[PDB]
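Colleague: This is the structure, below, for whatever I ask next.
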Amino acid sequence: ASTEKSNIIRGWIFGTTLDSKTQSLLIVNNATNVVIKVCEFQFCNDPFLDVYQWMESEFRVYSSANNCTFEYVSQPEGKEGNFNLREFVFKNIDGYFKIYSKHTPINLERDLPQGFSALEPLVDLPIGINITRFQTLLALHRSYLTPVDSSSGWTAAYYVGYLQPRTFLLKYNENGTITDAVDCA
Amino acid sequence: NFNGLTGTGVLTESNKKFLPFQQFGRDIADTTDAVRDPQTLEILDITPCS
Amino acid sequence: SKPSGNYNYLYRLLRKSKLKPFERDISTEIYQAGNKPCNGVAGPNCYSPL
Amino acid sequence: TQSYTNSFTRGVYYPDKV
């Protein structure tokens, strides 16, 4: 979850060791389309997206990609506009990688407001990856180009929560929306 | 018989607001009382007959 | 099948752990069975699992 | 760099499509 409005976070990575030895899930969201590929990406110590600013983006998050056996382009994925809190729930069970999304405007201080906001299903595709580690991809936008070397110019705000198997009692409104939830544990 | 769900009912075309990913609706007894038309985007309830 | 031998199929005879349902493991690296770190080459403690 | 917060009543999604 994050409340940014400058399109900083626009992708994530998923994998076991984040190298070419095992498979890795690369999900990147552009301004007009989304690219989701399963390949032996050689992730560096600090993966980030480069920009030559407006267009002509360079994928400097990986070093090599050979197998590349699964690709998926939806281009409806996750931006939900630019005018605040976009919550996402990632699940990997039985080989299928489920993704959820929801757009909720923020009208309070820099903190998680009260209430309930149910997330809507986004996409469900099988990747067959033993996902154990992940890292959030963010656009640097240092007003210039940058090489593939790590520890770039970070000088020029997201929440992370872990899920657990819990029992819930969902309450649906008269219109069919979820307005309350109870964590039995 | 929309998507293989056979039975007996009467369509009423209610004003239920279904979501794009939701197509079937069940009651307390898990009986499908509302379905989405495959061709048109209208909402049709399945109510039992007399 | 070929009369001279068709060698275009592998089945991954050896593996470290049991694979979960609906998953794919296409790692062609040398399976390290012993304690000494296998350097990617054929040895007495690590053989080709494919 | 890292902070610790708590989610009061957020994190629920639709389990099925019914």
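Going by Swiss-Prot, the residues shown for chain A are 93-143, 145-146, 152-174, 180-186, 188-260, 264-292, listed in order.
The way this entry was determined, per its header, is electron microscopy, 3.8 Å.
Backbone N, Cα and C define each Cβ position, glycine as well.
Annotations for this protein, taken from Swiss-Prot, read as follows:
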{"type": "CARBOHYD", "residues": "A:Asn122", "note": "N-linked glycosylation site"}
{"type": "DISULFID", "residues": "A:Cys131-A:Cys166", "note": "disulfide bond"}
{"type": "CARBOHYD", "residues": "A:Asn165", "note": "N-linked glycosylation site"}
{"type": "CARBOHYD", "residues": "A:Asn234", "note": "N-linked glycosylation site"}
{"type": "CARBOHYD", "residues": "A:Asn282", "note": "N-linked glycosylation site"}
Colleague: At a 10 Å cut-off from the C-beta of A:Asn234 (N-linked glycosylation site), count the other C-beta atoms across all protein chains.
Modeller: 16
Colleague: Pop the Cα-Cα gap between A:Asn165 (N-linked glycosylation site) and A:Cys131 (disulfide bond) into the table, whole Å please.
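Modeller: Answer for this pair: 6 Å between alpha carbons.
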Colleague: Check the Cα-Cα distances from A:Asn122 (N-linked glycosylation site) to the recorded positions A:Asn165, A:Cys166, A:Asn234, A:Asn282 and tell me which is shortest.
Modeller: A:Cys166
Colleague: Inside 10 Å of the Cβ of A:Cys166 (disulfide bond), count up the other Cβ atoms and send me the figure.
Modeller: 12
Colleague: Go through the recorded positions A:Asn122, A:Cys131, A:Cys166, A:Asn282 one by one and keep only those whose Cβ is less than 8 Å from a Cβ of chain C; report them in sequence order, or 'none'.
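Modeller: Contact set vs C: none.
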Colleague: Would you identify the secondary structure of A:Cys131 (disulfide bond) according to DSSP, in three states?
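Modeller: Note: A:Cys131 (disulfide bond) is in a strand by DSSP.
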Colleague: Cβ within less than 8 Å of a chain B Cβ is the test here; which of the recorded positions A:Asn122, A:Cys131, A:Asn165, A:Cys166, A:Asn234 meet it?
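Modeller: Among the recorded positions A:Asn122, A:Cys131, A:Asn165, A:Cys166, A:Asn234, not one has a Cβ sitting under 8 Å from a Cβ of chain B.
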Colleague: Can you tell me the CA-to-CA distance separating A:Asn282 (N-linked glycosylation site) and A:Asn234 (N-linked glycosylation site), as a whole number of Å?
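Modeller: That comes out at 39 Å between the alpha carbons.
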Colleague: As a test of the contact definition, list every same-chain residue at least 6 positions from A:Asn165 (N-linked glycosylation site) whose Cβ is closer than 8 Å to its Cβ.
Modeller: A:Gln115, A:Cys131, A:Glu132
Colleague: Expressed to the nearest Å, what is the distance separating A:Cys166 (disulfide bond) and A:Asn234 (N-linked glycosylation site) at their Cα atoms?
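Modeller: Here the two Cα atoms are 16 Å apart.
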Colleague: So which of the glycosylation sites is most packed in, judged by how many other Cβ atoms lie within 10 Å of its Cβ, out of A:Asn122, A:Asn282?
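Modeller: Counting every other Cβ within 10 Å of each candidate, the maximum falls on A:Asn122.
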